[PDB]
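Peer 1: Would you mind keeping the following structure in view while I ask a few things?
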Amino acid sequence: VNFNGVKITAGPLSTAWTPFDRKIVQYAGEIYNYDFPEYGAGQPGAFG
Amino acid sequence: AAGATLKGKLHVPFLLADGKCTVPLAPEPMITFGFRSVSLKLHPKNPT
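For the protein sequence lines, the chains are C and F, in the order given.
All letters in the first sequence, in the order written, are residues 154 to 201 by the authors' numbering.
All letters in the second sequence, in the order written, are residues 246 to 293 by the authors' numbering.
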């Protein structure tokens, strides 16, 4: 950023933490964490 | 009444008789194997 003379290189964040895992599901405005099967490994009975 | 009431005999209809009735059949289970082991994923519709 550059507003007046000073420039501010805010960065990084000191941790790579996320509450979001690699695999995520979105539904009803709510984001669940769930290990869904990939496109083809959809077993009968469950998600997929 | 007083003297002797038993005059006759009726026949009861709609008696419990035999036949055949169409009962459901469960979904096909998923059968995974293992050494001395059988793993069964079961996904019913109604209690089984």
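Just so it is clear, CB atoms sit at the ideal spot from N, CA and C, and this is done for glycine as well.
(1) Is there a C-beta anywhere in chain F that falls below 7 Å from the one on residue 198 of chain C?
(2) Note down, in chain order, every chain C residue with its Cβ under 7 Å from the Cβ of residue 286 of chain F.
(3) Return the chain-ordered list of same chain residues with a C-beta closer than 8 Å to the C-beta of residue 291 of chain F, the five sequence neighbours on each side being excluded.
(4) Does the stretch 186-196 of chain C come into contact with the stretch 166-178 of chain C, if we say contact requires no fewer than three beta-carbon pairs (one atom in each stretch) closer than 8 Å?
(5) How is residue 128 of chain C classed by DSSP in three states: helix, strand or coil?
Peer 2: In this structure, then:
(1) Reading the first sequence from its first residue, position 45 is the one you call residue 198 of chain C. It does: the Cβ of residue 198 of chain C has a partner Cβ on chain F nearer than 7 Å.
(2) As a working note, residue 286 of chain F is residue 41 in the second sequence. Result: 198.
(3) The residue you call residue 291 of chain F lines up with position 46 of the second sequence. Only 269 meet the Cβ criterion.
(4) yes
(5) Residue coverage of chain C in this structure runs from 154 to 201, which leaves residue 128 of chain C outside it and unanswerable.
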